Amino acid sequence: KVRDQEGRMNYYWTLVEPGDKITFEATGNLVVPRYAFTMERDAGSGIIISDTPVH
Amino acid sequence: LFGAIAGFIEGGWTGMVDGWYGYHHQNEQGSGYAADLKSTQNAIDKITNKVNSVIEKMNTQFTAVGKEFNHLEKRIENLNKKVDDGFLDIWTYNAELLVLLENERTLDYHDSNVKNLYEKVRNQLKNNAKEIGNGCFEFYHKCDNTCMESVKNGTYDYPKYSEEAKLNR
């Protein structure tokens with residue numbers, strides 16, 4: 001039991017290119033997307049784990 | 001090490017703030033400190049260039065040091081730790097040794113400048129003056145303010161006071 005849940009939920013992600021398509025087929029056990037994120041990405045950066053305030 | 005600063009000139013001057021090296025003159029009209037404009041300016045420019053070379057030659061790129069690895073990638077995490085520590089070690093050693101060597105170079109540069117100034121004055125005066133030992137010359141003739149600013153400029157006139165110096169020797 002985690003959070004009073006015996007079952008589990010795996011989460012998957014994918015990136016769809018311009019012009020491509022994503023197809024979902026399901027007899028059951030599927031948590032469908034409701035919101036997708038249109039993104040254009042930069043060169044690259046990091047993630048900072050700190051409690052320092054933001055100014 | 002050219003044996004000037006702490007060598008045959010065993011002290012520095014605190015009343016001389018207009019330069020790094022120069023002269024102290026005592027004649028009948030007065031006494032005073034004066035900087036050597038040429039040597040001071042050249043030294044200032046050279047040291048400025050030195051500092052700029054040490055600082056600005058370091059090129060950097062946008063980096064994101066720090067990555068996140070889950071428990072099943074303890075080998076890539078260790079490799080990343082190795083990359084980081086190796087760089088840290090290299091840069092520490094390089095920085096410390098560069099500063100240690102460059103400080104030496106700067107101090108001997110200043111010593112060389114003082115010695116060269118002393119040599120220039122000595123070769124200008126020749127036997128018209130005498131060396132007392134602490135970096136000073138006692139004139140066998142009478143050097144007024146004009147003669148002194150001639151010495152501090154490189155335009156001394158040995159065959160103008162040669163006869164008087166010979167008489168007073």
# chains A, B, ... in the order shown; residues from 1 in each chain; ligands from 1
call {"tool": "closest_atom_pairs", "arguments": {"of": "chain A", "to": "chain B", "cutoff": "12 Å", "atoms": "only C-alpha atoms", "output": "tab-separated table"}}
result
residue	atom	partner	partner_atom	distance
A:42	CA	B:62	CA	12.0
A:43	CA	B:62	CA	9.3
A:44	CA	B:64	CA	7.6
A:45	CA	B:64	CA	5.2
A:46	CA	B:64	CA	5.3
A:47	CA	B:66	CA	8.0
A:48	CA	B:66	CA	8.7
A:49	CA	B:66	CA	10.7
call {"tool": "residues_around", "arguments": {"residues": "stretch 20-27 of chain B", "least_positions_apart": "6", "cutoff": "7 Å", "atoms": "only C-alpha atoms", "output": "ChimeraX atom specification"}}
result
/B:33-36,40,114,144
call {"tool": "closest_residue", "arguments": {"among": "A:14, A:52, A:5, A:23", "to": "residue A:36", "atoms": "only C-alpha atoms"}}
result
A:14
